[PDB]
Amino acid sequence: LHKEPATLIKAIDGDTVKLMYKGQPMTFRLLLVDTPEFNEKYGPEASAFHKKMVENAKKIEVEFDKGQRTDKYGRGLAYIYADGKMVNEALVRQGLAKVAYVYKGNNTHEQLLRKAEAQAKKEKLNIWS
Ligand SMILES: Cc1cn([C@H]2C[C@H](OP(=O)(O)O)[C@@H](COP(=O)(O)O)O2)c(=O)[nH]c1=O
Ligand SMILES: [Ca+2]
């Protein structure tokens, strides 16, 4: 897998973000995670977390997996990095997302993320509190 450039257009919520990729605006859905919706518990906190990570980043990068790159809604499916740190993983690690939506063939970082979830759960963080 390969990291590719992109620039923030705007934060949306816990697990979606508007980025410019190859010069075109796209909504990205984070692979392998599920954040609460803004109106649900920890929804606002997920959104804020993602927002901060991406707004403070100097270098946003997009990493596609081996499978489908767009979902049925036209959202790009990727791992997103903010100054080299994966937002997908950081959400999980903080108990602000659950590992979810693990489809065969777009699941390269599954075990990395499940390790983060296990630590978040041990620490009883946020969702796991
Ligand atoms: C994360 C992800 C979601 N989706 C689809 C499955 C879900 O369909 P449904 O809308 O039919 O539930 C929806 C979940 O996204 P959200 O959690 O953003 O709603 O997006 C994929 O198809 N592939 C993926 O990798
Ligand atoms: Ca969601």
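Residues numbered from 1 in each chain as written, not as in the entry; some residues may be left out. Chains lettered and ligands numbered in written order. Heavy atoms only, no water.

- By the method listed in its record, X-ray crystallography, this PDB entry was determined to a resolution of 1.8500 Å.

As for the nonpolar core
Thinking step 1. By size, the foremost hydrophobic cluster in this structure holds 34 residues, and its most contacted members are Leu19, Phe28, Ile60, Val62, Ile80 and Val87.
Thinking step 2. Within the residue set of this core, elements represented by two or more residues are β2 (16-21), β3 (24-30), α1 (43-56), β5 (60-63), β6 (76-82), α2 (87-93) and α3 (110-122).
Thinking step 3. Take this core: its biggest share by element is six residues, from β6. (Core = buried A, V, L, I, M, F, W, Y, C linked by side-chain atoms within 4.5 Å. Buried < 20%, exposed > 50% of the residue type's maximum accessible area, 1.4 Å probe, protein only. Helix = DSSP H or I, 4+ residues; strand = E, 2+ residues; numbered from the N terminus.)

Looking at the site of ligand 1
Thinking step 1. Looking at ligand 1, the residues that line it are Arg29, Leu30, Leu31, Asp34, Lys72, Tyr73, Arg75, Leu77, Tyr101 and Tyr103.
Thinking step 2. In this structure, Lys72 approaches ligand 1 through a side-chain N or O atom, which is 2.6 Å from an oxygen atom.
Thinking step 3. Computed on the free molecule, ligand 1 has an accessible area of 550 Å², of which 74% lies beneath the protein chains in the complex.
Thinking step 4. Taken together, the residues of the shell around ligand 1 break down into six nonpolar, no polar and four charged. (Near = heavy atom within 4 Å. Polar contact = N/O pair within 3.5 Å; in protein donor to acceptor, adjacent residues only side chain to side chain. Areas by Shrake-Rupley, 256 points an atom, 1.4 Å probe, with all protein chains shown as cover. Nonpolar A, V, L, I, M, F, W, Y, C, P; charged D, E, K, R; others polar.)

Structural notes on the environment of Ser47
Thinking step 1. In this structure, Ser47 sits in helix α1.
Thinking step 2. In this structure the C-alpha to C-alpha distance between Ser47 and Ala82, which are 35 residues apart in sequence, comes to 15 Å.
Thinking step 3. Residues within four places of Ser47 in sequence aside, it is in contact with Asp13, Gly14 and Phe38.
Thinking step 4. Among the polar contacts made by the side chain of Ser47, one reaches the main-chain amide nitrogen of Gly14 at a distance of 3.3 Å. (Contact = heavy atoms within 4.5 Å.)

Focus on the coordination of the calcium ion (ligand 2)
In an ideal octahedron of six donors the angles at the metal are 90 or 180 degrees, and in an ideal tetrahedron of four donors they are 109.5 degrees.
Thinking step 1. Bound to the calcium ion (ligand 2) are the protein donor atoms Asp15 (OD), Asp34 (OD), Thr35 (O) and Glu37 (OE), situated 2.8 to 3.1 Å from the metal.
Thinking step 2. Along the chain, the residues donating to the calcium ion (ligand 2) fall in the pattern D-x18-D-T-x1-E.
Thinking step 3. The class for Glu37 is partly exposed, based on a relative accessible area of 41%. (Donors = N, O, S within 2.8 Å, 3.2 Å for Na, K, Ca; no water.)

Here's the deal with the UniProt feature "active site" in the chain
Thinking step 1. Here, UniProt's "active site" annotation points to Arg29, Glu37 and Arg75. Restricting the annotated residues just mentioned to those that line the largest pocket leaves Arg29 and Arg75.
Thinking step 2. As for its placement among the helices and strands, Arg29 is situated in strand β3.
Thinking step 3. Not counting residues up to four positions away in its chain, the partners in contact with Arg29 are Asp15, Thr16, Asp34, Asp71, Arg75, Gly76, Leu77, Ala78 and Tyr101.
Thinking step 4. Side chain to side chain, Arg29 and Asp15 meet in a polar contact 3.3 Å long.
Thinking step 5. In this structure, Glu37 is in contact with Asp13 and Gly43, ignoring residues within four places of it in sequence. (UniProt positions renumbered as here; feature names shortened; annotations may be inferred. 1 Å grid on protein atoms, 1.4 Å probe; cavity = no way out; pocket = protein on both sides within 12 Å on 5 of 7 lines; lining within 4 Å.)

Points about the environment of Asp34
Thinking step 1. Note on placement: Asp34 falls in strand β4 (residues 33-34).
Thinking step 2. Sequence separation of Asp34 and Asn88 is 54 residues, and the distance between their C-alpha atoms is 9.2 Å.
Thinking step 3. Setting aside anything within four residues of it in sequence, one finds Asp34 in contact with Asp15, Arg29, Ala97, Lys98, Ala100 and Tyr101.
Thinking step 4. Side-chain polar atoms of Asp34 contact the side chain of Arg29, separated by 3.3 Å.

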